[PDB]
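First, one chain by itself in structure tokens, the form deposited in one PDB entry.
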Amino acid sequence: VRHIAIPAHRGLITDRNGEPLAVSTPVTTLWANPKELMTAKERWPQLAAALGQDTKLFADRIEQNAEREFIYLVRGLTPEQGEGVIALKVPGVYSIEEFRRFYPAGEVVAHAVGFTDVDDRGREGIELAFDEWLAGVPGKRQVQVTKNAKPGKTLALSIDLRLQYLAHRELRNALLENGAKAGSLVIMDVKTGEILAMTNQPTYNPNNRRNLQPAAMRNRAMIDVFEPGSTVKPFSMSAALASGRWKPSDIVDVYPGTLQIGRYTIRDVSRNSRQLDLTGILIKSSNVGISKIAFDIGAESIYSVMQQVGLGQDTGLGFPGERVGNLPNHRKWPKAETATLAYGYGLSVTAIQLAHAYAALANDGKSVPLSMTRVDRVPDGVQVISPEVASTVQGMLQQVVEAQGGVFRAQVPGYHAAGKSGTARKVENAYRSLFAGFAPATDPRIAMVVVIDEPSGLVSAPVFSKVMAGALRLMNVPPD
């Protein structure tokens, strides 16, 4: 008396509206009892042909495995083609009925959904992350069914497939139009912590993984870590405005675009300024300007805001090889390390962490935990920046996009947007174009990060413009 497992049907993955993203499809896996197959040798050439395998290769395989009470013949055969084998009616041939995944949206949501292995177990993305929820529990057969298989449970992602398609298309076009290698785009609901879209390029078809380059499989949004540069200056400014020592109309002299701190010299990307107000320091991305404010308030206040918005912290999503990056801490913050933290070369983050930090600022200073599954009851979340500072910083970022001298290519057709461009350094000196922002600026709903590796706020900003316009409309957000 022997036992054999009854495979359980893997749970359906849908997007947030019930659109199917991963579905367990019927297939048949033919095994055989060699010792039985060894009594029907004159059938072998027809079995071989019908199995795709080749006559002598097939005969060799069966002969050497003549002891084995059991061997597979083939996995994954369609159930109708698979009868064409049991239609030859060869002795020794027994069939198992099995499920295999199909991915109806294919390459569009490859990295977010991921895929299963040959054993129907999660290997990447959500398939891995919720493998236990989706897998259910195999059954048992001896005589009797000693245990009935329980089916895996349905899972509704936070992803909106309409926004994911728009993000996938617009990022793809931007990479060809800027001869760029790779890129990421993350869209978040700033109220719910939901990831509405996460697209990486290059992508792959999880329904055909034969010619699959490890480069295409890379979930860049959650894995690539970089120095966020000027895109974290809003968090430096949040610390400045919470200090009691700074208001937006305060002036800093940044002439002549350089600042010597001991042996080190801080050097601005544009060196045509003397007096700048705090908004101008952001618009110009003056490192001298943000450095002088950081020296006045202390790195500790900046470190604390960056920590509280989740920069360099575990996201809690449970995706495989999610990287945490690095928010370095000190007892004693010297001038050099204080400055480099304040203008964003003093830490490294992922696109997902950056978008989550921009969500907190956009959600009037309240952090909500990230979710890759549909949120029905919003968590309470944490007031990490006062609503008043958050409001002030939002208005500063709206000026960055829409003031004279600002990033005009991020302006969003129909709405007022807010955000900041940056030049990232990978973590031997690789460079990415960043844009981080949210909209609508006065009443934010969506936060977005665009990352474009090695293009060969002119590059990332127009992508943000186009994906944001489309996202706000698909979500029936009213024009301001």
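So that the term is clear: the rigid core is the largest set of C-alpha atoms that superpose within 1.5 Å between two forms. One-based numbering along the sequence shown.
Another form exists, deposited in another entry; not displayed. Remarks below refer to it.
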Superpose on the core and compare between the shown form and the other one; which one of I251, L327, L88, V382 crosses the 2 Å Cα shift mark?
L88
Does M475 show a Cα shift reaching 2 Å between the shown form and the other one after rigid-core superposition?
no
After core superposition, I'd like to know whether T154 moves between the shown form and the other one (criterion: C-alpha shift of 2 angstroms or more).
no
Once you line up the core, how about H416: does its CA shift reach 2 Å between the shown form and the other one?
no
